[PDB]
S.K.: 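Pasting a structure here, questions to come.
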Protein chains: 2
Amino acid sequence: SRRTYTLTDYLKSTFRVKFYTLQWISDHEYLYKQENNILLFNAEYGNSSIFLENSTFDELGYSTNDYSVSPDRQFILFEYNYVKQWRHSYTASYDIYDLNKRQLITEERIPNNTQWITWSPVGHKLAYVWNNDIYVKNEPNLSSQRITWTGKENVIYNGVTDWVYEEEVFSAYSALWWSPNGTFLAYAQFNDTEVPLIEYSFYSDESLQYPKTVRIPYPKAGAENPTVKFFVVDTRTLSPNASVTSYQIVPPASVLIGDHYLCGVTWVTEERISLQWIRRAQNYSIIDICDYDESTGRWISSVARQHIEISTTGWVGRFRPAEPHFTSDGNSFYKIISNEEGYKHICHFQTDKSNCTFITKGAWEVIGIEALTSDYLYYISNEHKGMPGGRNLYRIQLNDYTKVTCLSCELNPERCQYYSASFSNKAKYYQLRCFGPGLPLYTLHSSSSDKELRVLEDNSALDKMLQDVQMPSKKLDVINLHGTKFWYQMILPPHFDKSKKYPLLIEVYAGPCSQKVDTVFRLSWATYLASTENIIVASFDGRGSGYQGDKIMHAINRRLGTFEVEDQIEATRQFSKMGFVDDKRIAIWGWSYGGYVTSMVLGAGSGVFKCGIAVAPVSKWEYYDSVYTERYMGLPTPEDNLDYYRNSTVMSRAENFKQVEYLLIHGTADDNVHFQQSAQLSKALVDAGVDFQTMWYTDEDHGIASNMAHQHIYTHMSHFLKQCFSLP
Amino acid sequence: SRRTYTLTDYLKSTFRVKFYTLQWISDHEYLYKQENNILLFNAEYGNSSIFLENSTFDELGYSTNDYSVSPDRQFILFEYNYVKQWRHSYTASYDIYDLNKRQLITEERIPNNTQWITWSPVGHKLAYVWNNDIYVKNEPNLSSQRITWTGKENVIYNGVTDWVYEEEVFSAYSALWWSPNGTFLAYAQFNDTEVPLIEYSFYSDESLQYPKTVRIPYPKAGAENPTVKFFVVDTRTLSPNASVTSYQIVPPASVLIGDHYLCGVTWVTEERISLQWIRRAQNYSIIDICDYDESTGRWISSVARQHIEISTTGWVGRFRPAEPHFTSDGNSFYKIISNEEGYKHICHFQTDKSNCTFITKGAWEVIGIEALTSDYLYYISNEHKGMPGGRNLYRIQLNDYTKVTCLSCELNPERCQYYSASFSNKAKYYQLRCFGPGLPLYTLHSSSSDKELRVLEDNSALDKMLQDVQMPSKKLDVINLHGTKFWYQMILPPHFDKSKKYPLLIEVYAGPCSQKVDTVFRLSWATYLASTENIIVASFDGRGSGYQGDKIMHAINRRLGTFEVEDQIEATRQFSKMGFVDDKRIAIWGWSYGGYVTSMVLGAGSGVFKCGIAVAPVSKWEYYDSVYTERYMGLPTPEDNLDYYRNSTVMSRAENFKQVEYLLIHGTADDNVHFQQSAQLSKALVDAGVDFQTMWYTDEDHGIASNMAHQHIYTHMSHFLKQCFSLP
Ligand SMILES: *[C@@H]1O[C@H](CO)[C@@H](O[C@@H]2O[C@H](CO)[C@@H](O)[C@H](O)[C@H]2NC(C)=O)[C@H](O)[C@H]1NC(C)=O
Ligand SMILES: *[C@@H]1O[C@H](CO)[C@@H](O[C@@H]2O[C@H](CO)[C@@H](O)[C@H](O)[C@H]2NC(C)=O)[C@H](O)[C@H]1NC(C)=O
Ligand SMILES: *[C@@H]1O[C@H](CO)[C@@H](O[C@@H]2O[C@H](CO)[C@@H](O)[C@H](O)[C@H]2NC(C)=O)[C@H](O)[C@H]1NC(C)=O
Ligand SMILES: *[C@H]1O[C@H](CO)[C@@H](O[C@H]2O[C@H](CO)[C@@H](O)[C@H](O)[C@H]2NC(C)=O)[C@H](O)[C@H]1NC(C)=O
Ligand SMILES: NC(=O)[C@@H]1Cc2ccccc2CN1C(=O)C[C@H](N)Cc1ccccc1F
Ligand SMILES: NC(=O)[C@@H]1Cc2ccccc2CN1C(=O)C[C@H](N)Cc1ccccc1F
Ligand SMILES: *[C@@H]1O[C@H](CO)[C@@H](O)[C@H](O)[C@H]1NC(C)=O
Ligand SMILES: *[C@@H]1O[C@H](CO)[C@@H](O)[C@H](O)[C@H]1NC(C)=O
Ligand SMILES: *[C@@H]1O[C@H](CO)[C@@H](O)[C@H](O)[C@H]1NC(C)=O
Ligand SMILES: *[C@@H]1O[C@H](CO)[C@@H](O)[C@H](O)[C@H]1NC(C)=O
Ligand SMILES: *[C@@H]1O[C@H](CO)[C@@H](O)[C@H](O)[C@H]1NC(C)=O
Ligand SMILES: *[C@@H]1O[C@H](CO)[C@@H](O)[C@H](O)[C@H]1NC(C)=O
Ligand SMILES: *[C@@H]1O[C@H](CO)[C@@H](O)[C@H](O)[C@H]1NC(C)=O
Ligand SMILES: *[C@@H]1O[C@H](CO)[C@@H](O)[C@H](O)[C@H]1NC(C)=O
């Protein structure tokens, strides 16, 4: 008979996809967590030794969720008492374990509620953030040293990002940067004094008699932004009775004239640091390469070492300007910029010269630079087969730009089209990470021989379970939209027959620079909808989508909610034409940006879609943060782009919702897309006399990722989808 | 064929129910608003003089929502700029208009955002509350005198209630009482310093970038309560260069010892004030009659003038102890208290004596004392035909308690079973307000011979319209529960067919001291459901309900959510026996307490109910305010009633919601039963893995009373019910 992939199968994750997380600690060695044992593996041969046994964790008393070994391998840092804040930020407790005398350190411990901690890149020094201030510990058993004194809740952040820099700029909580040999500690300071607060109720545990108000400094579009300062601290002079030796690096004049962001930091040498700034407008970026002056302790900038990157058609980079990758000596660097054809490729910059040489070109894009030696450059691109939803590792010879070899293209062509890589310290070995379209495959390689050393994880146990089950098929193809090639995928039910008519669900994100259509293997909600419920789940990457050139990406510049929404409709019209698609039962669903598109599509009046589900959607762009919104939309002033802000709200299309069956879902504790967004939307539908369904989730944030809520939302969305599709 | 009463018919109020609101300003004259004209109607004859023409409103510029004429007929107050706050509270702008010179007052105006205003009982003195402080104007054209200096937003209230006193104690916003001749201005001061704030988001209009937080001093069960001070201000010495002359009256020792409330103020004479105090527990009440001392200015209490009223089984009175009604001389008063058998009846108290004499008796309850003369006492009761859901006017002779005449019973016995009354200044005339079971009929009567002088409004226009529509019928009957006869009502569809199986909707409130079964005529949502959708709507009054004696009422004392919930289930079980009720299609719905009962019924696991809707329900009693909750539940402490607080939450019954289809509705701006309640309820259901439906209403309070929100909720509830009842 054969069982199908059920909703319970996804929700409880009975079909476990395995992975291989390793941590490179040398040119040939890496650590790997195996049944809570830390094993030190050797790449050269394959032999492993016990670095830390599992019994060491058992005698700690607490459950350890993360560990971090010092580069000198003398000490390890144990992370416990994990408390999540935002997407990347969290607070935790930390213990240091001596590996020499196999004992715990109990004096001068890392304080509880620590916001960030990191080892220096050499030895066993520590830098940590507590109460918005930076502390440095030279020795694990010695007293720490306070570096900053300005730390203040919701106001001053030293060494860690505020809300907006975490989500939109750094994609991390950390704002600390040790110099390669630990001489210097660089950090950013964020000032949120003038940033307005978003407030919302957190109800907490049932026992809480009164709800509390969460207050976050969150700059909405056009609002007052956080200011930033950058300091380099000399850690050589750090001493109990000495002042902190620090130098403030200010941005170049062309950026200093207005509101700006610090978007990147790269340590070049011990005496050379690179800083990436961007204007508030985000179409003008500058790299400032600053040199340490030994006699004054200053970090000097010069116009010769300043490198401008602009965009005339839109914004710079994907979500941020691409990071510079410096040579060992630091006299030149390699960086992804847009070329003349509007395709993102690797350009070779000299540190004190303004012109660069492109080392890659074509109707495809370099995703990122992975590694660099004096002879080779390793990078990821979507060049292979001309499919942008694919990823491969490429190696280009530095002395001869023509010699470019693909190290992952032909290893497993059918099974593996989507690759990521992780290199050892001097790029002597690399782990390859296959993500699809077949079962994820983890392999280790040598860089000298290009040979596959061994299989680390092939997910054979997963293959054993999947042959028992009625798996759906994932087909990737292309269609024509307004004279432009655009990619799409379809999750097709098992025993797919083109005579029978199937209902259609459009799974959308369609955000700027994003990619919904790729060759990644995923056990998803759509997996169950095709397998058990026999629904076609299709996804489409139209205008505004990334990895296909500036032309396609910058198409929605200053006009969010237009082309990317219109293309979702037109592509579905094309899907509905196909004989196997029931035009009576067509739905659309999306998360966050996907929810906004879903809503805008459902407010279009296209008649194409019968129903849709929007989860935690943006409803009005003035409600979303400055960095993300202004990037694509500019400022919401009549002097700028207010007109396009006004006619891109979902509320402006409230009238057209009367035809469709709408499900609006939002978490009340959403710090990202605030509950306000769905609240104001629902109010405009109530006002318009539109009937629709709603679902709030108490104390859930943007991910609605708590176990029971995750279970509930998909259960509830399935019921709504089945009711709309008249499915038993 | 004939049309049915639609949902649009209810929501748009196409079938208008007329009424007759008049203002008694003498013992034989009253004012009435007709075509925007205020006419001085004479009860003695029937002739009406034009007091203020309709064109006078139009010259002012604004739209006027209320008027108030000074007792000497020299001035009129105009109320405009009405801004709602809580249930009774609002701010408004005010203009005084001279009737002599027919001119507006323009010098020294009543301030913007005035909280409360009142004329003195004689002459034309004005007292008002602005920014939490009291102001007295002796003359409308004269400058105002500040009475209090303590007024502070969310902290100190002079002359107006705080949240809890408005909702639960006074049932009004005003805390000001002029003395009969206007010599004294009495007021209460409320101090909310230690009362914890409820905070919730108000999103406001779409243009508001950041949501604001509303903060209300709201004491939840067992929390710190507002304190009260009572003052009497001698208004004779009020002068620009003079201090305020005031005396503070404190509660008697027996009440002073602990937490207490002021629940009633009654002016007896010019030198005699009556204060009603109640302990926090609300089972001990005292009446303090205080005498003005001319030589010192003090108001004196004496033990002989103190009248205790206690409850050993529950609480005192219904929601508060009944008010004392004093004779002209002030040496005696009549007050409704519980007699031997626990029925509420009028007792004749002497002012300086403890023992009282009951003037009424029987297995029925006096609803209220309306008027009193030297000869007669006029009151409202449910004596007639033994039905507690009926009201009638009765007159009892003060020299002979045998002579009691029913003045309303036999005027229209089949049309009028529910009555209200408004008496002239000396009780020489009265208006009789009939509310059912037939169309409302408003009449005028003399007290001399009790003759129907004329018909003021008889709803003839509505009667004409009702002939064209298929009206449902209202059946009132009795069922026996555990050896006690309780009353119930049923709204039956047009052309009732005994062969067909009709779906059943239970409309519940069930709050302590409440009544869902009455003879009141109501064009309602249930009207539509019977007429158009052919659904039987039933209501029932079980244990805990009022107007049937203390035994039934106090049945749920310290155990809310038990007996009243159990009686709803068992009564419905009895209704499902009837051959015309489809036991497979029974629903239950309710608002506030009705939402709580609905929820508690649905989670009872009775299997009797298929589905249900809870609108703005209490989910946990610790979340609700101190006064209401503690009255019935005591304190949520292990020493007191925590055990019954714990097991009476809806969240504890979460597991049983898997058997039912649940719809949970709450307004996000609910200041009464906070959104927290449904937020905590939904979270527990999510935790239990229960599927259910939800609907938040942005910025709506406890009444969800806005135009579009009102329309939307019933539309949404109608579609949910139809889907549950499998109705096309
Ligand atoms: C501690 O490490 C031991 C290895 O010494 C783990 O034992 C292994 O358990 C797996 C199943 O998870 C077996 O398949 C292996 O045969 C075991 N290894 C050997 C060689 O004994 C043990 O699981 C670890 N303990 C904890 C806390 O998980
Ligand atoms: C906001 O308004 C603009 C201008 O009126 C819209 O842009 C037009 O979109 C239609 C597509 O239906 C095109 O045919 C026109 O060429 C566009 N006009 C201009 C001036 O560019 C835009 O679509 C509106 N935004 C949304 C989200 O509805
Ligand atoms: C409202 O009540 C509070 C008590 O809760 C009063 O605050 C006190 O004021 C006195 C005299 O000024 C101070 O000595 C105390 O420190 C306060 N008590 C506490 C514990 O807070 C306040 O005075 C009252 N307000 C009014 C106008 O009556
Ligand atoms: C929770 O509190 C008590 C738990 O003992 C419940 O007890 C009462 O109700 C029972 C109904 O099954 C009766 O059989 C018991 O006689 C009665 N307890 C006594 C001895 O007084 C109570 O009903 C529960 N309340 C709620 C809201 O469910
Ligand atoms: N997650 C992403 O695709 C990108 C990646 C990235 C890269 C550099 C710096 C930050 C980020 C985070 N990314 C984002 O898209 C962040 C956005 N806030 C996600 C988002 C977009 C629209 C609406 C809601 C929302 F959360
Ligand atoms: N409206 C009512 O039935 C009573 C009447 C009354 C009498 C004296 C003083 C105040 C009041 C107001 N009444 C109330 O029941 C107030 C309650 N807070 C209403 C209520 C009860 C349960 C749950 C929610 C809710 F708003
Ligand atoms: C692996 O074996 C080699 C033998 O030459 C040894 O040098 C190396 O230390 C071993 N690796 C481990 C597990 O440390
Ligand atoms: C933060 O900025 C404010 C102005 O917005 C300024 O007054 C304050 O001094 C700054 N604090 C620091 C430590 O930079
Ligand atoms: C630093 O100063 C403190 C307090 O004055 C003193 O105890 C300590 O000895 C000093 N440390 C050094 C290294 O001189
Ligand atoms: C950068 O953005 C600003 C403000 O939106 C705009 O005026 C300017 O044209 C942009 N510059 C380029 C190179 O497009
Ligand atoms: C009302 O009209 C009657 C007519 O009989 C007249 O006697 C009386 O004066 C009038 N009263 C007023 C002033 O309204
Ligand atoms: C004002 O009153 C007159 C009669 O005095 C009446 O005809 C007119 O309709 C009224 N105007 C309105 C509607 O305000
Ligand atoms: C009250 O005092 C004011 C100002 O101090 C003064 O102008 C006025 O004359 C005084 N009023 C009387 C009645 O004396
Ligand atoms: C009223 O209730 C309180 C608190 O439970 C109690 O201490 C007191 O004895 C009660 N009074 C009466 C007369 O029942």
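Each chain gets a letter, A, B and so on, in the order its sequence line appears, and its residues count up from 1.
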S.K.: Please rank B:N707, B:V690, B:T715 by heavy-atom pairs under 4.5 Å with chain A and give me the top one.
M.R.: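 The residue among B:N707, B:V690, B:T715 with the greatest pair count is B:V690.
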S.K.: Tell me, out of B:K620, B:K212, B:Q723, who's got the most heavy-atom pairs with chain A below 4.5 Å.
M.R.: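 Answer, by heavy-atom pair count under 4.5 Å with chain A: B:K620.
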S.K.: Please confirm whether A:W525 and A:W591 have ring centers closer than 6.0 angstrom.
M.R.: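 Distance test on ring centres: not under 6.0 Å, no.
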S.K.: What part of A:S706 is in contact with chain B, defined as an atom under 4.5 angstrom from a non-hydrogen atom: side chain, backbone, both or neither?
M.R.: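 For A:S706, no heavy atom lies under 4.5 Å from chain B.
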S.K.: Counting only heavy atoms closer than 4.5 Å, note whether A:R215 contacts chain B via side chain, backbone, both or neither.
M.R.: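 Contact with chain B: side chain only.
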S.K.: For A:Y624, is the NZ or CZ atom of A:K220 found under 6.0 angstrom from the centre of its six-membered ring and inside 45 degrees of the ring axis?
M.R.: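 No, cation not above the ring by the 6.0 Å, 45° rule.
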S.K.: Find the one option among B:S678, B:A684, B:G689 whose heavy-atom pairs under 4.5 Å with chain A are most numerous.
M.R.: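 Highest number of pairs under 4.5 Å: B:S678.
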S.K.: Using non-hydrogen atoms and a 4.5 Å limit, figure out which bit of A:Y697 sits close to chain B: side chain, backbone, both or neither.
M.R.: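 Contact with chain B: side chain only.
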S.K.: Are B:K610 and B:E661 within salt-bridge range, i.e. N to O under 4.0 Å?
M.R.: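 A salt bridge is present here (some side-chain N lies under 4.0 Å from a carboxylate O).
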S.K.: Under a 4.5 Å heavy-atom cut-off, does chain B meet the side chain of A:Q711, its backbone, both or neither?
M.R.: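 Neither part, no heavy atoms under 4.5 Å.
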S.K.: Taking every heavy-atom pair that is under 4.5 Å apart, which of B:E622, B:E206, B:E199 has the most such pairs with chain A?
M.R.: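 Going by pairs under 4.5 Å, I would pick B:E206.
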S.K.: With respect to chain A, which residue among B:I713, B:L685, B:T668, B:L197 yields the maximal number of heavy-atom pairs within a distance under 4.5 Å?
M.R.: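 Option with the greatest count: B:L197.
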S.K.: Between B:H710 and B:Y10, does the ring centre distance come in under 6.0 Å?
M.R.: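 Ring-ring flag for B:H710/B:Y10: true, centres closer than 6.0 Å.
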S.K.: Measure A:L681 against the heavy atoms of chain B and call it side chain, backbone, both or neither at under 4.5 Å.
M.R.: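 Contact with chain B is absent: no heavy atom of A:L681 under 4.5 Å.
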S.K.: Answer with side chain, backbone, both or neither: which region of A:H674 has an atom nearer than 4.5 Å to a non-hydrogen atom of chain B?
M.R.: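 Neither the backbone nor the side chain of A:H674 comes within 4.5 Å of chain B.
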S.K.: Is A:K722 close enough and on-axis enough to A:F720, meaning under 6.0 Å and within 45°, for cation-pi?
M.R.: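 No.
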S.K.: Would you mind checking which part of B:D699 comes under 4.5 Å of any heavy atom in chain A, side chain (CB onward), backbone (N, CA, C, O), both or neither?
M.R.: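 Answer is side chain: those atoms of B:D699 sit under 4.5 Å from chain A.
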S.K.: Under 3.5 Å, is there a donor-acceptor pair linking the side chains of B:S207 and B:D205?
M.R.: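 Distance-only check fails for B:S207 and B:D205.
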S.K.: Would B:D640 and B:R558 pass as an ion pair if we require N to O under 4.0 Å?
M.R.: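 Here B:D640 pairs with B:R558 in a salt bridge, since their nearest N and O are under 4.0 Å apart.
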S.K.: Between the side chains of A:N647 and A:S652, does any donor sit under 3.5 Å from an acceptor?
M.R.: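 No, because no side-chain N or O of A:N647 sits under 3.5 Å from a partner of the opposite role on A:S652.
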S.K.: Tell me if the aromatic rings of A:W621 and A:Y596 count as close, with their centers under 6.0 Å from one another.
M.R.: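 Between A:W621 and A:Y596, the centre distance is under 6.0 Å.
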S.K.: Look at A:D691 together with A:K658 and state whether they make a salt bridge at an N to O cut-off of under 4.0 Å.
M.R.: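 Salt bridge flag = no for A:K658 with A:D691.
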S.K.: Under 4.5 Å, counting heavy-atom pairs only, tell me which of B:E700, B:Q676, B:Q693 racks up the most with chain A.
M.R.: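 Max contact count across the listed options: B:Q676.
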S.K.: Who wins among A:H716, A:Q209, A:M651 for the most heavy-atom pairs under 4.5 Å with chain B?
M.R.: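 It is A:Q209.
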S.K.: Heavy-atom cut-off 4.5 Å, strictly under: side chain, backbone, both or neither for A:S718 against chain B?
M.R.: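 The answer is neither part of A:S718.
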